[PDB]
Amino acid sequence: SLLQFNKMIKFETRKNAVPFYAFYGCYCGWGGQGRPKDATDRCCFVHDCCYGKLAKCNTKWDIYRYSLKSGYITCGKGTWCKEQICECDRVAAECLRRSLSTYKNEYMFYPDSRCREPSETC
């Protein structure tokens, strides 16, 4: 579930995940392959890899909890997974904020033809 991630994105970018992030470049929105086009796409690529290292959580992908503490998206405490999953989303949302400087609306629904490059390993 990305309900929490989407909320983190909204908070960091002032933009709604859908469709600004849900379908951007080669990796935002999953089904990622090839090379991330820009900084924003790289955030999704990193977010993907992050989720990828949480192999231990493929048996219970817990919905986590977080709060705004001191104006910072702050992961709550719970199962290691809640925390790691939340950490992935958190790092991603913030990354997306930093990437707002190069975000290009023209990269939404980015054609998948430019994403058939050899994929970056992670």
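Numbers follow the displayed sequence, beginning with 1.
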Practice task
Could you check the entry and say whether 109-117 or 12-20 has the higher mean CA B-factor?
Solution key: 109-117
Exercise for the section: Would you tell me which stretch averages the higher CA B-factor in the PDB entry, 24-32 or 64-72? Expected result: 64-72
Practice task
Check the PDB entry and point out which of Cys57, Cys86, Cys50, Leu96 has the largest C-alpha temperature factor.
Solution key: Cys57
Practice task
Going by the recorded CA B-factors, say which third of the chain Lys77 sits in, lowest, middle or highest.
Solution key: highest
Exercise for the section: Relative to the other modelled residues of the same chain, rank the CA B-factor of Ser1 and answer lowest, middle or highest third. Expected result: highest
